[PDB]
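Visitor: Following this line is coords11.txt, made up of compact mmCIF, C-alpha atoms and all ligand atoms:
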```txt
# COMPACT_ATOMS: atom_id res chain seq x y z
CA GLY A 171 -27.31 -14.33 -8.24
CA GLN A 172 -27.18 -11.19 -6.10
CA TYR A 173 -27.21 -11.63 -2.31
CA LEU A 174 -26.08 -10.20 1.04
CA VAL A 175 -22.70 -11.80 1.76
CA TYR A 176 -21.78 -10.11 5.04
CA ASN A 177 -22.55 -6.99 7.09
CA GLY A 178 -21.73 -5.36 10.40
CA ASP A 179 -20.91 -2.29 12.46
CA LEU A 180 -17.55 -0.53 12.43
CA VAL A 181 -16.00 2.68 13.71
CA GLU A 182 -14.44 4.99 11.12
CA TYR A 183 -11.20 6.88 11.71
CA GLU A 184 -9.42 9.59 9.72
CA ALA A 185 -6.47 7.84 8.06
CA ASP A 186 -3.71 10.46 8.41
CA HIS A 187 -4.09 11.50 12.07
CA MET A 188 -6.05 8.44 13.20
CA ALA A 189 -8.75 10.59 14.81
CA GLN A 190 -12.03 8.80 15.60
CA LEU A 191 -14.96 9.78 13.39
CA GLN A 192 -18.29 7.95 13.62
CA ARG A 193 -20.07 4.58 13.62
CA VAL A 194 -20.90 3.04 10.27
CA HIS A 195 -22.56 -0.06 8.94
CA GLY A 196 -21.07 -2.06 6.10
CA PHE A 197 -23.05 -4.26 3.71
CA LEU A 198 -21.13 -6.66 1.46
CA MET A 199 -22.88 -7.96 -1.68
CA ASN A 200 -21.45 -10.12 -4.47
CA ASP A 201 -19.87 -7.28 -6.45
CA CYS A 202 -19.80 -4.19 -4.25
CA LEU A 203 -19.49 -2.90 -0.68
CA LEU A 204 -21.96 -0.43 0.80
CA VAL A 205 -20.92 1.78 3.69
CA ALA A 206 -23.66 3.71 5.53
CA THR A 207 -22.64 6.61 7.77
CA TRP A 208 -24.94 8.63 10.04
CA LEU A 209 -23.53 12.09 10.88
CA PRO A 210 -25.59 14.08 13.48
CA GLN A 211 -25.91 17.83 12.86
CA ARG A 212 -27.43 20.71 14.86
CA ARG A 213 -30.80 20.58 13.07
CA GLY A 214 -30.37 17.91 10.42
CA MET A 215 -28.77 14.51 11.13
CA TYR A 216 -26.80 14.17 7.87
CA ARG A 217 -26.21 10.78 6.28
CA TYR A 218 -23.41 9.65 3.94
CA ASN A 219 -23.79 6.54 1.76
CA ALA A 220 -21.04 5.17 -0.46
CA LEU A 221 -20.99 2.11 -2.72
CA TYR A 222 -17.63 0.59 -3.60
CA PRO A 223 -17.37 -1.74 -6.61
CA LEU A 224 -15.11 -4.65 -5.61
CA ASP A 225 -13.29 -4.51 -8.93
CA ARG A 226 -12.08 -1.00 -8.03
CA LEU A 227 -11.76 -1.25 -4.25
CA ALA A 228 -8.32 -1.48 -2.65
CA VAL A 229 -8.51 -3.23 0.74
CA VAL A 230 -5.53 -2.80 3.05
CA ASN A 231 -4.70 -4.63 6.28
CA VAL A 232 -3.57 -2.03 8.80
CA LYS A 233 -1.04 -3.60 11.13
CA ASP A 234 -1.59 -2.97 14.83
CA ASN A 235 0.38 -0.18 16.49
CA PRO A 236 -0.90 1.42 19.80
CA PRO A 237 -3.10 4.28 18.49
CA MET A 238 -4.41 1.60 16.11
CA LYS A 239 -5.89 -1.85 16.66
CA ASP A 240 -8.05 -4.24 14.62
CA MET A 241 -8.30 -1.82 11.70
CA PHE A 242 -8.40 -2.22 7.92
CA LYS A 243 -8.48 0.49 5.25
CA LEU A 244 -10.45 1.09 2.05
CA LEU A 245 -8.91 2.95 -0.88
CA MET A 246 -10.89 4.28 -3.85
CA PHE A 247 -10.47 7.67 -5.55
CA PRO A 248 -10.75 10.15 -4.08
CA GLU A 249 -11.19 8.42 -0.72
CA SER A 250 -9.02 6.74 1.88
CA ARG A 251 -10.98 5.46 4.88
CA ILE A 252 -10.04 3.41 7.92
CA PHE A 253 -12.43 1.20 9.87
CA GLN A 254 -11.98 -0.53 13.21
CA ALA A 255 -13.66 -3.86 13.86
CA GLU A 256 -14.95 -4.63 17.36
CA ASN A 257 -12.27 -7.29 17.81
CA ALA A 258 -9.69 -9.34 15.93
CA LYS A 259 -12.25 -11.95 14.93
CA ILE A 260 -14.51 -9.45 13.17
CA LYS A 261 -11.56 -7.85 11.36
CA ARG A 262 -10.37 -11.26 10.20
CA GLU A 263 -13.87 -12.06 8.89
CA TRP A 264 -14.17 -8.83 6.92
CA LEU A 265 -10.81 -9.39 5.24
CA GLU A 266 -11.73 -12.98 4.39
CA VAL A 267 -15.10 -12.17 2.80
CA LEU A 268 -13.77 -9.11 0.99
CA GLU A 269 -11.00 -11.28 -0.43
CA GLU A 270 -13.20 -14.27 -1.20
CA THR A 271 -16.06 -12.47 -2.92
CA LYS A 272 -13.51 -10.54 -4.96
CA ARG A 273 -11.87 -13.80 -6.01
CA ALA A 274 -15.30 -15.22 -6.83
CA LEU A 275 -16.08 -12.06 -8.81
CA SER A 276 -12.94 -12.49 -10.90
CA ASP A 277 -13.25 -16.16 -11.81
CA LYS A 278 -16.96 -15.56 -12.45
CA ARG A 279 -15.89 -13.13 -15.16
CA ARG A 280 -13.14 -15.40 -16.50
CA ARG A 281 -15.58 -18.17 -17.39
CA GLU A 282 -17.96 -15.61 -18.91
CA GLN A 283 -15.21 -14.12 -21.10
CA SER B 11 1.78 17.68 14.38
CA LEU B 12 4.32 15.12 13.09
CA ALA B 13 4.79 15.03 9.31
CA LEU B 14 3.64 11.85 7.55
CA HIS B 15 5.55 10.47 4.57
CA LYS B 16 3.63 7.90 2.58
CA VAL B 17 5.82 5.34 0.91
CA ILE B 18 4.58 2.75 -1.57
CA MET B 19 6.49 -0.44 -2.27
CA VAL B 20 6.36 -1.18 -6.01
CA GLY B 21 7.92 -4.03 -7.99
CA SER B 22 7.49 -7.52 -9.45
CA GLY B 23 6.58 -10.54 -7.39
CA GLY B 24 9.33 -11.88 -5.18
CA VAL B 25 11.80 -9.01 -5.56
CA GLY B 26 11.63 -8.60 -1.79
CA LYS B 27 9.19 -5.74 -1.22
CA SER B 28 7.98 -7.28 2.04
CA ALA B 29 11.45 -8.30 3.24
CA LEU B 30 12.71 -4.73 2.95
CA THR B 31 9.64 -3.41 4.76
CA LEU B 32 9.77 -5.89 7.63
CA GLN B 33 13.54 -5.52 7.95
CA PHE B 34 13.02 -1.78 8.29
CA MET B 35 10.00 -2.02 10.61
CA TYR B 36 11.19 -4.71 13.01
CA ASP B 37 14.79 -5.64 12.20
CA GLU B 38 13.66 -9.09 11.06
CA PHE B 39 14.08 -11.31 8.01
CA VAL B 40 12.83 -14.79 7.13
CA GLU B 41 13.92 -16.93 4.20
CA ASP B 42 10.44 -18.31 3.45
CA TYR B 43 8.17 -16.73 0.82
CA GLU B 44 4.86 -15.21 1.90
CA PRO B 45 2.56 -13.79 -0.84
CA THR B 46 1.32 -10.29 -0.05
CA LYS B 47 -2.20 -8.92 -0.57
CA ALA B 48 -1.94 -5.43 0.92
CA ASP B 49 -0.44 -4.39 4.25
CA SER B 50 -0.02 -0.95 5.81
CA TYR B 51 2.73 -0.18 8.32
CA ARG B 52 3.44 2.99 10.26
CA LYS B 53 6.49 3.95 12.35
CA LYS B 54 7.72 6.96 14.32
CA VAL B 55 11.25 7.89 13.28
CA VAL B 56 13.70 10.77 13.53
CA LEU B 57 14.52 12.43 10.21
CA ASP B 58 17.31 14.99 10.52
CA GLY B 59 16.37 16.13 14.01
CA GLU B 60 12.58 16.01 13.55
CA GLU B 61 10.28 13.27 14.81
CA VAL B 62 8.12 12.14 11.92
CA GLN B 63 6.02 9.17 10.91
CA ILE B 64 6.68 7.01 7.89
CA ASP B 65 3.78 5.06 6.37
CA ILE B 66 4.58 2.12 4.12
CA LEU B 67 2.12 0.35 1.83
CA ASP B 68 3.32 -3.14 0.93
CA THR B 69 1.29 -4.85 -1.79
CA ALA B 70 1.39 -7.82 -4.14
CA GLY B 71 3.56 -7.37 -7.19
CA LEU B 72 0.71 -9.05 -9.05
CA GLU B 73 -2.64 -7.21 -9.00
CA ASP B 74 -5.55 -8.09 -11.28
CA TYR B 75 -7.38 -4.77 -11.62
CA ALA B 76 -5.65 -1.67 -12.96
CA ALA B 77 -8.18 0.43 -11.05
CA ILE B 78 -7.13 -1.17 -7.77
CA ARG B 79 -3.44 -0.78 -8.61
CA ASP B 80 -4.04 2.92 -9.26
CA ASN B 81 -5.77 3.33 -5.93
CA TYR B 82 -2.65 1.95 -4.23
CA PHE B 83 -0.38 4.27 -6.21
CA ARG B 84 -2.53 7.37 -5.89
CA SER B 85 -2.37 7.17 -2.10
CA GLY B 86 1.40 7.45 -1.96
CA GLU B 87 3.80 10.38 -2.11
CA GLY B 88 7.03 8.51 -2.83
CA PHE B 89 7.85 5.15 -4.35
CA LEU B 90 10.47 2.47 -3.95
CA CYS B 91 10.65 0.78 -7.34
CA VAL B 92 12.15 -2.52 -6.32
CA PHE B 93 13.60 -5.18 -8.60
CA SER B 94 15.88 -8.12 -7.85
CA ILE B 95 19.42 -8.08 -9.20
CA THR B 96 19.11 -11.86 -9.66
CA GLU B 97 16.19 -11.66 -12.08
CA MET B 98 16.46 -9.50 -15.21
CA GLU B 99 12.75 -9.75 -16.05
CA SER B 100 11.90 -7.93 -12.80
CA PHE B 101 14.32 -5.21 -13.87
CA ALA B 102 12.60 -4.80 -17.21
CA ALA B 103 9.29 -4.71 -15.31
CA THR B 104 10.31 -1.41 -13.71
CA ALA B 105 9.66 0.73 -16.81
CA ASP B 106 5.91 0.01 -16.81
CA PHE B 107 5.57 0.55 -13.05
CA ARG B 108 7.24 3.95 -13.48
CA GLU B 109 4.91 4.87 -16.36
CA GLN B 110 1.85 3.90 -14.31
CA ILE B 111 3.17 5.86 -11.35
CA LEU B 112 3.68 8.97 -13.47
CA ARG B 113 0.27 8.72 -15.15
CA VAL B 114 -1.52 8.16 -11.84
CA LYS B 115 0.41 10.84 -9.95
CA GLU B 116 0.72 13.17 -12.95
CA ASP B 117 4.19 14.47 -12.10
CA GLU B 118 7.61 13.80 -13.68
CA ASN B 119 9.40 14.65 -10.44
CA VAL B 120 7.46 12.31 -8.18
CA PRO B 121 9.71 11.10 -5.28
CA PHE B 122 11.00 7.82 -6.66
CA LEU B 123 14.01 5.64 -5.92
CA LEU B 124 15.18 2.71 -8.04
CA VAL B 125 16.12 -0.18 -5.75
CA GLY B 126 17.96 -3.36 -6.70
CA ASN B 127 17.42 -5.82 -3.86
CA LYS B 128 19.13 -9.09 -2.94
CA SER B 129 22.66 -7.67 -3.25
CA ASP B 130 23.90 -10.40 -0.90
CA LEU B 131 23.47 -12.86 -3.79
CA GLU B 132 26.19 -11.31 -5.96
CA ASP B 133 26.96 -14.76 -7.35
CA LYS B 134 23.51 -14.99 -8.95
CA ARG B 135 23.45 -11.43 -10.29
CA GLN B 136 21.68 -11.01 -13.63
CA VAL B 137 21.47 -7.21 -13.74
CA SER B 138 24.72 -5.24 -13.78
CA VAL B 139 25.28 -2.21 -11.56
CA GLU B 140 25.94 -0.17 -14.72
CA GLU B 141 22.70 -1.31 -16.41
CA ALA B 142 20.79 -0.19 -13.34
CA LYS B 143 22.78 3.02 -12.81
CA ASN B 144 22.19 3.93 -16.44
CA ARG B 145 18.44 3.45 -16.23
CA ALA B 146 18.37 5.58 -13.09
CA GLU B 147 20.32 8.39 -14.71
CA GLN B 148 18.01 8.42 -17.73
CA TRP B 149 15.03 8.54 -15.34
CA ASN B 150 16.89 11.17 -13.33
CA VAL B 151 16.65 9.26 -10.06
CA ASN B 152 19.16 7.60 -7.76
CA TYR B 153 19.91 3.88 -7.77
CA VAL B 154 20.81 1.81 -4.73
CA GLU B 155 21.39 -1.88 -4.14
CA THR B 156 20.14 -3.38 -0.90
CA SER B 157 19.88 -6.69 0.94
CA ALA B 158 16.91 -7.00 3.26
CA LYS B 159 18.79 -10.04 4.56
CA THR B 160 21.96 -8.30 5.79
CA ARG B 161 20.31 -4.86 6.09
CA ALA B 162 22.76 -3.31 3.58
CA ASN B 163 21.22 0.07 2.75
CA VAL B 164 17.74 -0.84 4.04
CA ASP B 165 17.58 2.30 6.19
CA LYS B 166 19.21 4.34 3.43
CA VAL B 167 16.49 3.73 0.83
CA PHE B 168 13.62 4.56 3.18
CA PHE B 169 15.31 7.62 4.64
CA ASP B 170 16.44 8.96 1.27
CA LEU B 171 12.96 8.41 -0.11
CA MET B 172 11.65 10.33 2.86
CA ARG B 173 14.02 13.19 2.13
CA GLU B 174 12.85 13.56 -1.46
CA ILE B 175 9.25 13.42 -0.31
CA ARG B 176 10.04 16.05 2.28
CA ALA B 177 11.62 18.21 -0.44
CA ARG B 178 8.70 18.10 -2.88
CA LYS B 179 6.55 19.04 0.10
CA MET B 180 8.94 21.88 0.97
CA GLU B 181 8.53 23.42 -2.50
CA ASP B 182 4.95 22.42 -3.42
CA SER B 183 3.56 24.28 -0.37
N1 LIG A 301 19.00 -13.51 -0.09
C1 LIG A 301 17.97 -12.67 -0.09
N2 LIG A 301 16.70 -13.13 -0.15
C2 LIG A 301 15.75 -12.12 -0.13
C3 LIG A 301 15.96 -10.76 -0.06
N3 LIG A 301 14.77 -10.05 -0.06
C4 LIG A 301 13.88 -11.01 -0.13
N4 LIG A 301 14.39 -12.29 -0.18
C5 LIG A 301 13.68 -13.55 -0.27
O1 LIG A 301 12.94 -13.54 -1.49
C6 LIG A 301 11.60 -14.11 -1.31
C7 LIG A 301 10.58 -13.08 -1.76
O2 LIG A 301 10.56 -11.97 -0.82
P1 LIG A 301 9.25 -11.15 -0.50
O3 LIG A 301 9.61 -10.09 0.51
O4 LIG A 301 8.06 -12.00 -0.20
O5 LIG A 301 8.99 -10.54 -1.97
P2 LIG A 301 7.78 -9.59 -2.44
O6 LIG A 301 8.36 -8.61 -3.37
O7 LIG A 301 7.07 -8.98 -1.24
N5 LIG A 301 6.74 -10.67 -3.16
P3 LIG A 301 5.08 -10.38 -3.40
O8 LIG A 301 4.90 -9.22 -4.33
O9 LIG A 301 4.53 -11.63 -4.04
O10 LIG A 301 4.49 -10.11 -2.03
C8 LIG A 301 11.51 -14.50 0.17
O11 LIG A 301 11.72 -15.94 0.24
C9 LIG A 301 12.63 -13.75 0.83
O12 LIG A 301 13.22 -14.36 1.98
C10 LIG A 301 17.31 -10.26 0.00
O13 LIG A 301 17.72 -9.10 0.06
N6 LIG A 301 18.27 -11.32 -0.02
MG MG A 302 5.20 -9.02 -0.26
```
As structure tokens - that is how I would like this structure written.
Ligand SMILES: Nc1nc2c(ncn2[C@@H]2O[C@H](COP(=O)(O)OP(=O)(O)NP(=O)(O)O)[C@@H](O)[C@H]2O)c(=O)[nH]1
Ligand SMILES: [Mg+2]
Guide:
Amino acid sequence: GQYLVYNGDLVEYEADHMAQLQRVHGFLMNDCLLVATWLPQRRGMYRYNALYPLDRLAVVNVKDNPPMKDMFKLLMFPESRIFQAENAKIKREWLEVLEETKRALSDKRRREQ
Amino acid sequence: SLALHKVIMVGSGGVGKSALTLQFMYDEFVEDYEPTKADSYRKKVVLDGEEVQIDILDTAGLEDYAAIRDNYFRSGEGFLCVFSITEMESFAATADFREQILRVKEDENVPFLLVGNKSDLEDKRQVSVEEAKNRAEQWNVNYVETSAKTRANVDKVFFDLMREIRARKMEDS
């Protein structure tokens, strides 16, 4: 059944101009990805929480290129978001689990139907 | 700031979407097949005097979920509809891709270029220049044969796609 597959910290960046945004925490479950963002404001630390169904989520491997390193991108209308992993190992792990639990999600539905 | 032209590689499996991309990005080409999930490349280039950045999204020609495919498409501004001249089925496959692109982008004049790759394998051709040229004319887009192996027209397709994207931006703003 349902369970926490993987989770960790990441740094978000704006995709078009690659500007650094803020820290976020990602929680991968068997059929969706939860991204928790904590945006500090004058008098009201605002928080942004998004859930991304894996059967709708486009995961892209962003190839390294100076102003960019160890990053991957998430695509889901109307958003495009880029996240940087602490190192190459972490990035590799995220891509592997995102790919594997998506695969598992698909064949799980094939047997069902 | 530098303009950013988002290009999306579209086409059946094996037509050479990656080869074209890598040839353009790093002047390299390997003969061995390597299935693609989804890769994003960016490069600083000079387009008619101006320094700009081109962003290419290279994905699998085979994607399970239509919702995921649409998220790939919706993020682009121009498309390279690639098919291999040595495989007619991949040529037929172009009509659907175009329909999906139009639906998703909701625009008949979306920057789009029809590309017949693997021109260096003339001997194995299966799609005739005329067949392709005709389809392009009826879609009101240009057609161009390339070879990611010998680089024939590799720069041309990306730069011309950039010019159409730059045009739509010129008017739609
Ligand atoms: N002779 C020749 N071979 C090519 C050319 N372009 C690609 N190939 C070869 O055709 C095969 C498929 O190329 P590839 O770039 O992986 O195709 P793709 O469209 O990205 N496939 P996928 O969608 O599965 O990722 C590779 O073995 C590659 O070397 C070309 O112009 N000429
Ligand atoms: Mg590929």
Visitor: Which distance in Å separates atom CA of residue A:234 and atom CA of residue B:30, to one decimal?
Guide: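 Computing the Euclidean distance for atom CA of residue A:234 and atom CA of residue B:30 yields 18.7 Å.
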Visitor: Residues up to 10 Å from ligand MG 302 (chain A), counting all atoms listed in the file: could you list those as a list in words?
Guide: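 Written in the requested form, the residues are residues 19, 20, 21, 22, 23, 24, 25, 26, 27, 28, 29, 30, 31, 32, 43, 44, 45, 46, 47, 48, 49, 68, 69, 70, 71 and 72 of chain B.
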Visitor: Find the residues of chain A in contact range of chain B, meaning any atom within 8 Å when counting all atoms listed in the file, and list them as a list in words.
Guide: residues 186, 225, 226, 227, 228, 229, 230, 231, 232, 233, 235, 245, 246, 247 and 250 of chain A
Visitor: Find the residue from B:162, B:15, B:40, B:110 that sits nearest to residue B:177; use only C-alpha atoms when measuring.
Guide: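 Distance minimum relative to residue B:177 lands on B:15.
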Visitor: Using only C-alpha atoms, which protein or nucleic acid residues come within 7 Å of residue B:155? Drop anything in the same chain fewer than 5 positions from it, and give the result as a ChimeraX atom specification.
Guide: /B:125-127,129
Visitor: Of the residues A:197, A:241, A:174, A:184, which is the one nearest to residue A:262, using only C-alpha atoms?
Guide: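 With only C-alpha atoms as the atom set, the closest residue is A:241.
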Visitor: My list of candidates is B:107, B:100, B:161, B:176. Which is closest to residue B:62 when distances are computed with only C-alpha atoms?
Guide: B:176
Visitor: Excluding same-chain residues fewer than 2 positions from stretch 95-99 of chain B, what lies within 6 Å of it counting all atoms listed in the file, as a list in words?
Guide: residues 101, 102, 126, 134, 135, 136 and 137 of chain B
Visitor: At what distance in Å, to one decimal, does atom CA of residue A:240 lie from atom CA of residue A:253?
Guide: 8.4 Å
Visitor: Using 3 Å of padding on each side, determine the axis-aligned box around all atoms of ligand LIG 301 (chain A) present in the file and give its centre and edge lengths in Å to one decimal, as JSON.
Guide:
```
{"center_x": 11.7, "center_y": -12.3, "center_z": -1.2, "size_x": 20.5, "size_y": 13.3, "size_z": 12.3}
```
Visitor: Measuring atom to atom with all atoms listed in the file, identify which of A:239, A:282, A:176, A:182 is nearest to residue A:202.
Guide: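 Among the listed residues, the smallest separation from residue A:202 belongs to A:176.
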Visitor: Using all atoms listed in the file, list the residues that have an atom at most 8 Å from (-20.9, 3.8, 12.7), coordinates as in the file, as a list in words.
Guide: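 All residues meeting the 8 Å criterion around (-20.9, 3.8, 12.7) are residues 179, 180, 181, 182, 192, 193, 194, 195, 206, 207 and 208 of chain A.
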Visitor: Kindly save the residues from that selection, with C-alpha atoms included, as a tab-separated table (two decimals), in the coordinates of the input.
Guide:
```tsv
chain	number	residue	atom	x	y	z
A	179	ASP	CA	-20.91	-2.29	12.46
A	180	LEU	CA	-17.55	-0.53	12.43
A	181	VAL	CA	-16.00	2.68	13.71
A	182	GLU	CA	-14.44	4.99	11.12
A	192	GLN	CA	-18.29	7.95	13.62
A	193	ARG	CA	-20.07	4.58	13.62
A	194	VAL	CA	-20.90	3.04	10.27
A	195	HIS	CA	-22.56	-0.06	8.94
A	206	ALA	CA	-23.66	3.71	5.53
A	207	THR	CA	-22.64	6.61	7.77
A	208	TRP	CA	-24.94	8.63	10.04
```
Visitor: Distance atom CA of residue A:270-atom CA of residue A:257, one decimal place?
Guide: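 Interatomic distance here is 20.3 Å.
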Visitor: What would stretch 249-273 of chain A look like with N, CA and C atoms in place, written as a PDB file, in the frame of the given file?
Guide:
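Ended up saving to out_5.pdb:
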```pdb
ATOM      1  N   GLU A 249     -11.201   8.761  -2.135  1.00  0.00           N
ATOM      2  CA  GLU A 249     -11.190   8.420  -0.720  1.00  0.00           C
ATOM      3  C   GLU A 249     -10.180   7.413  -0.182  1.00  0.00           C
ATOM      4  N   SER A 250      -9.889   7.598   1.096  1.00  0.00           N
ATOM      5  CA  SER A 250      -9.020   6.740   1.880  1.00  0.00           C
ATOM      6  C   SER A 250      -9.761   6.723   3.210  1.00  0.00           C
ATOM      7  N   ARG A 251     -10.227   5.551   3.635  1.00  0.00           N
ATOM      8  CA  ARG A 251     -10.980   5.460   4.880  1.00  0.00           C
ATOM      9  C   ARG A 251     -10.507   4.278   5.704  1.00  0.00           C
ATOM     10  N   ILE A 252     -10.465   4.463   7.016  1.00  0.00           N
ATOM     11  CA  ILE A 252     -10.040   3.410   7.920  1.00  0.00           C
ATOM     12  C   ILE A 252     -11.200   3.009   8.826  1.00  0.00           C
ATOM     13  N   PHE A 253     -11.359   1.704   9.018  1.00  0.00           N
ATOM     14  CA  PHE A 253     -12.430   1.200   9.870  1.00  0.00           C
ATOM     15  C   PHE A 253     -11.874   0.233  10.914  1.00  0.00           C
ATOM     16  N   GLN A 254     -12.398   0.342  12.128  1.00  0.00           N
ATOM     17  CA  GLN A 254     -11.980  -0.530  13.210  1.00  0.00           C
ATOM     18  C   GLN A 254     -13.080  -1.534  13.513  1.00  0.00           C
ATOM     19  N   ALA A 255     -12.708  -2.806  13.547  1.00  0.00           N
ATOM     20  CA  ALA A 255     -13.660  -3.860  13.860  1.00  0.00           C
ATOM     21  C   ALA A 255     -13.695  -3.979  15.387  1.00  0.00           C
ATOM     22  N   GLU A 256     -14.795  -4.499  15.920  1.00  0.00           N
ATOM     23  CA  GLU A 256     -14.950  -4.630  17.360  1.00  0.00           C
ATOM     24  C   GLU A 256     -13.833  -5.454  18.006  1.00  0.00           C
ATOM     25  N   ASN A 257     -13.339  -6.452  17.285  1.00  0.00           N
ATOM     26  CA  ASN A 257     -12.270  -7.290  17.810  1.00  0.00           C
ATOM     27  C   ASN A 257     -11.502  -7.914  16.656  1.00  0.00           C
ATOM     28  N   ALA A 258     -10.495  -8.716  16.974  1.00  0.00           N
ATOM     29  CA  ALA A 258      -9.690  -9.340  15.930  1.00  0.00           C
ATOM     30  C   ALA A 258     -10.472 -10.328  15.085  1.00  0.00           C
ATOM     31  N   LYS A 259     -11.462 -10.988  15.678  1.00  0.00           N
ATOM     32  CA  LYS A 259     -12.250 -11.950  14.930  1.00  0.00           C
ATOM     33  C   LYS A 259     -13.020 -11.247  13.818  1.00  0.00           C
ATOM     34  N   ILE A 260     -13.739 -10.188  14.168  1.00  0.00           N
ATOM     35  CA  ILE A 260     -14.510  -9.450  13.170  1.00  0.00           C
ATOM     36  C   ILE A 260     -13.605  -8.931  12.045  1.00  0.00           C
ATOM     37  N   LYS A 261     -12.465  -8.345  12.396  1.00  0.00           N
ATOM     38  CA  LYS A 261     -11.560  -7.850  11.360  1.00  0.00           C
ATOM     39  C   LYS A 261     -11.150  -8.977  10.427  1.00  0.00           C
ATOM     40  N   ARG A 262     -10.787 -10.116  11.000  1.00  0.00           N
ATOM     41  CA  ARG A 262     -10.370 -11.260  10.200  1.00  0.00           C
ATOM     42  C   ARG A 262     -11.478 -11.700   9.237  1.00  0.00           C
ATOM     43  N   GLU A 263     -12.722 -11.665   9.709  1.00  0.00           N
ATOM     44  CA  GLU A 263     -13.870 -12.060   8.890  1.00  0.00           C
ATOM     45  C   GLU A 263     -14.077 -11.111   7.714  1.00  0.00           C
ATOM     46  N   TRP A 264     -14.008  -9.810   7.980  1.00  0.00           N
ATOM     47  CA  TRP A 264     -14.170  -8.830   6.920  1.00  0.00           C
ATOM     48  C   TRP A 264     -13.143  -9.066   5.827  1.00  0.00           C
ATOM     49  N   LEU A 265     -11.876  -9.186   6.216  1.00  0.00           N
ATOM     50  CA  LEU A 265     -10.810  -9.390   5.240  1.00  0.00           C
ATOM     51  C   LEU A 265     -10.989 -10.670   4.433  1.00  0.00           C
ATOM     52  N   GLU A 266     -11.511 -11.708   5.073  1.00  0.00           N
ATOM     53  CA  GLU A 266     -11.730 -12.980   4.390  1.00  0.00           C
ATOM     54  C   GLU A 266     -12.854 -12.889   3.358  1.00  0.00           C
ATOM     55  N   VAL A 267     -13.984 -12.294   3.736  1.00  0.00           N
ATOM     56  CA  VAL A 267     -15.100 -12.170   2.800  1.00  0.00           C
ATOM     57  C   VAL A 267     -14.797 -11.185   1.688  1.00  0.00           C
ATOM     58  N   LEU A 268     -14.124 -10.086   2.015  1.00  0.00           N
ATOM     59  CA  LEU A 268     -13.770  -9.110   0.990  1.00  0.00           C
ATOM     60  C   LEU A 268     -12.861  -9.781  -0.036  1.00  0.00           C
ATOM     61  N   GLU A 269     -11.926 -10.588   0.453  1.00  0.00           N
ATOM     62  CA  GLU A 269     -11.000 -11.280  -0.430  1.00  0.00           C
ATOM     63  C   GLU A 269     -11.701 -12.373  -1.225  1.00  0.00           C
ATOM     64  N   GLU A 270     -12.505 -13.176  -0.540  1.00  0.00           N
ATOM     65  CA  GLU A 270     -13.200 -14.270  -1.200  1.00  0.00           C
ATOM     66  C   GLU A 270     -14.250 -13.856  -2.231  1.00  0.00           C
ATOM     67  N   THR A 271     -15.057 -12.838  -1.940  1.00  0.00           N
ATOM     68  CA  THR A 271     -16.060 -12.470  -2.920  1.00  0.00           C
ATOM     69  C   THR A 271     -15.416 -11.732  -4.091  1.00  0.00           C
ATOM     70  N   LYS A 272     -14.210 -11.217  -3.877  1.00  0.00           N
ATOM     71  CA  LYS A 272     -13.510 -10.540  -4.960  1.00  0.00           C
ATOM     72  C   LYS A 272     -12.967 -11.634  -5.862  1.00  0.00           C
ATOM     73  N   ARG A 273     -12.420 -12.677  -5.252  1.00  0.00           N
ATOM     74  CA  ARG A 273     -11.870 -13.800  -6.010  1.00  0.00           C
ATOM     75  C   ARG A 273     -13.011 -14.388  -6.840  1.00  0.00           C
TER      76      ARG A 273
END
```
